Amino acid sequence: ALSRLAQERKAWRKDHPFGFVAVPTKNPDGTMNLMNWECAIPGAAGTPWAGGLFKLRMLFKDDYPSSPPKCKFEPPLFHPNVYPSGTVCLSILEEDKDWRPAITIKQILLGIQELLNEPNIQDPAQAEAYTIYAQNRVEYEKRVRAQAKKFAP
């Protein structure tokens, strides 16, 4: 996991999508904690999410990339497919489901950006955001814009 995570950190530093942030944290001994990254996803242009910089943590297990990272918005995000805890539910983020070791951190972050304006109402992760989306898309979009202004950098 460390060699792959260091390879992806090196790759991230040389080139990454504009507006995105992905940085390893520090271990209690001072070394870089490659298993825990503080990330940020900008809201996509031309969507109600624009202007916001949505912070999230990527937690990697010892066997990454055989296992997906756990992705969690901090603080919790209002989105039909983000659990109340902040954990992002994306099928590629489940080992037994669509995770593949060829998937990279850059692809995950780009995919979570896509998820922001493309929620899946068939299987929602939180009652709050989904209920608003289901009853009133005008109120749903206003709640999204208000949250984008709340998380503006």
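One-based numbering along the sequence shown.
Undergrad: Out of 95-103 and 61-69, which one has CA B-factors that are higher on average in the deposited record?
TA: The deposited B-factors put 95-103 ahead on the C-alpha mean.
Undergrad: Using the B-factors recorded in the PDB entry, average over the C-alpha atoms of 124-132 and of 44-52, then report which stretch comes out higher.
TA: Looking at the record's C-alpha B-factors, the answer is 124-132.
Undergrad: Just to confirm, going by the entry's C-alpha B-factors, which of 27, 36, 87, 113 comes out highest?
TA: When the deposited C-alpha B-factors of 27, 36, 87, 113 are compared, 27 is largest.
Undergrad: Compared with the other modelled residues in the chain, in which third is the CA B-factor of residue 140?
TA: For residue 140, the deposited C-alpha B-factor lands in the highest third.
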